[PDB]
Amino acid sequence: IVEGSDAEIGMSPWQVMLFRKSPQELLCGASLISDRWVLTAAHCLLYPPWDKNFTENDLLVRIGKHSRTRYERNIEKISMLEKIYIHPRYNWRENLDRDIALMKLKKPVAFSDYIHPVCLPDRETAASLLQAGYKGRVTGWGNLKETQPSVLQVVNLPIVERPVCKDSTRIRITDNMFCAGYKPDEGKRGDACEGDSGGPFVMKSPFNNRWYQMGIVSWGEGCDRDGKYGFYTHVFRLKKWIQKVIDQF
Amino acid sequence: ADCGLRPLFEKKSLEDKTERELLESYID
DNA sequence: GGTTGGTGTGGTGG
Ligand SMILES: *C[C@@](*)(O)[C@H](CCCNC(N)=[NH2+])NC(=O)[C@@H]1CCCN1C(=O)[C@H](N)Cc1ccccc1
Ligand SMILES: *[C@@H]1O[C@H](CO)[C@@H](O)[C@H](O)[C@H]1NC(C)=O
Ligand SMILES: [K+]
Ligand code: NA
């Protein structure tokens, strides 16, 4: 996260850390959607151009964390994965279309002041809140600049209209993506960056006070560049696939 | 069920330090 | 202690 700040304790209790077993390192963010299911970006698990291809046994998830690196004894929960589910039409070759994956924990996690699931949006909530100029919030332990933090970072960013997103990049945008970020002379800055993928872009409903995950950190070109925007997987548009995997498996 | 409500914030009627920015984007 | 124990500097920083 570029130009963000340190998260408060328990500010993002659905934030999950995807951690590699060997070598021991942070891979990506992720989000807690139920006591057994964690959502992330597909590219965090499968990206053949970088020779990335993880199995359920290569990974742990770390739930409840604040510190990037230190083991937060009796606060965080480290869970092994039962199974990973990558969208069958995840398009890693072209533009990361449908950059989405589900991870089923072996055992359910107990909720706490530090661990609590985020809501997934329905049609009513997405129509209402996912509008250009409204702001959401992104969180992660990824880089502080294009190349980092001691603790989880947060930044709030405005949703950008589809035309501007489309014009800001030569990558082909799809309806399974949105972009967010300040325009070049808008008065503020900020962005997700490498290492923040799979983290949630959330919005607070002013009608029922709940947080909804509208996006997944998916991709950008550099970080916090003028005239460029962060791209996010559009969770609502992929919600049928989410529901099918959870209902089946 | 009680998704999206934070024990240390919503549940305690406490605001985090920047959430007001979010709510303002909806109404100025 | 702490966002958390204790033959308490490591197991994971100080
Ligand atoms: C895996 C994530 O940590 C990362 C998030 C980067 C977010 N950036 C900004 N500015 N918000 N995603 C990536 O690094 C993805 C994975 C593959 C390459 N990639 C990129 O973002 C490239 N920089 C651009 C790109 C290349 C290929 C296909 C789509 C995008
Ligand atoms: C990823 O790895 C699995 C084995 O874990 C293998 O079956 C497959 O060849 C790989 N998939 C891709 C798309 O490279
Ligand atoms: K200690
Ligand atoms: Na930008």
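Note on naming: letters A, B, ... go to the chains in the order of the sequence lines (proteins, then strands), and numbering restarts at 1 for each one. Both backbone and side-chain heavy atoms feed into the values below; hydrogens, waters and symmetry mates do not.
- Of all heavy-atom pairs between A/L60 and A/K21, the closest is CD2-CE, 3.8 Å.
- Judged by distance alone, with hydrogens and angles left aside, A/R68 brings no side-chain donor or acceptor close enough to the base of C/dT12 to form a pair under 3.5 Å.
- Toward the 5′ end of DNA chain C lies the nearest nucleotide of A/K65, the other residue of the pair A/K65 and A/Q24 mapping further downstream.
- Across the protein-nucleic acid pair, A/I9 atom CD1 and C/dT4 atom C1' stand 11 Å apart, rounded to whole Å.
- Computed from coordinates, the A/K77 NZ to C/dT4 P distance equals 12 Å when rounded to whole Å.
- Residue-to-nucleotide contacts include no donor-acceptor pair under 3.5 Å from the side chain of A/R73 to the base of C/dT3.
- Taking atom CG of residue A/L152 and atom P of nucleotide C/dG2, one finds them 21 Å apart after rounding to whole Å.
- Side-chain contact between A/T55 and A/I84: absent, with no pair of heavy atoms (C-beta onward) separated by less than 4.5 Å.
- Within 3.5 Å, no donor on the side chain of A/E72 pairs with an acceptor on the base of C/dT4, nor the reverse.
- Comparing the same atom, P, in C/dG14 and in C/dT7 gives a spacing of 23 Å after rounding to whole Å.
- When the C1' atom is used for both C/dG1 and C/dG8, the distance is 12 Å, rounded to whole Å.
- Partner of A/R62 under the salt bridge (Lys or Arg N to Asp or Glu O under 4.0 Å) criterion, chosen from A/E25, A/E76, A/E72: A/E76.
- At whole-Å resolution of the value, CG in A/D6 and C1' in C/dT3 are 13 Å apart.
- Aromatic rings of A/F249 and A/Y85 (six-membered ring for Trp) have centroids within the 6.0 Å cut-off, being under it.
- The P atoms of C/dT4 and C/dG10 are separated by 24 Å, rounded to the nearest whole Å.
- Side-chain N/O atoms of A/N74 include none lying less than 4.0 angstrom from OP1 or OP2 on C/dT3.
- One P atom belongs to C/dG11, the other to C/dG2, and the distance between them is 23 Å to the nearest Å.
- Residue A/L26 contributes atom CG, which lies 16 Å from atom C1' of C/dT12 at whole-angstrom precision.
- Rounding to whole angstrom units, NE2 of residue A/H66 and P of C/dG13 are separated by 16 Å.
- As a whole-Å value, the separation of A/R62 CZ from C/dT3 P is 18 Å.
- In this structure, C/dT9 is classed as syn because its glycosidic torsion stays within 90° of zero.
- Base orientation of C/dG8: anti, since the glycosidic angle falls outside 90° of 0.
- Using a 4.0 Å heavy-atom distance criterion, A/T69 is classed as a sugar-phosphate-only contact.
- Annotation: A/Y229 is not in aromatic contact with A/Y182 [ring centroid separation under 6.0 Å not met].
- Between A/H234 and A/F178, the ring planes are perpendicular. Angles over 60° get that label, and only those under 30° would be called parallel.
- Annotated as not stacked: the bases of C/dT7 and C/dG8, by the 5.5 Å centre and 30° plane rule.
- In this structure, the OH atom of A/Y114 is 8 Å from the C1' atom of C/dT4, given to the nearest Å.
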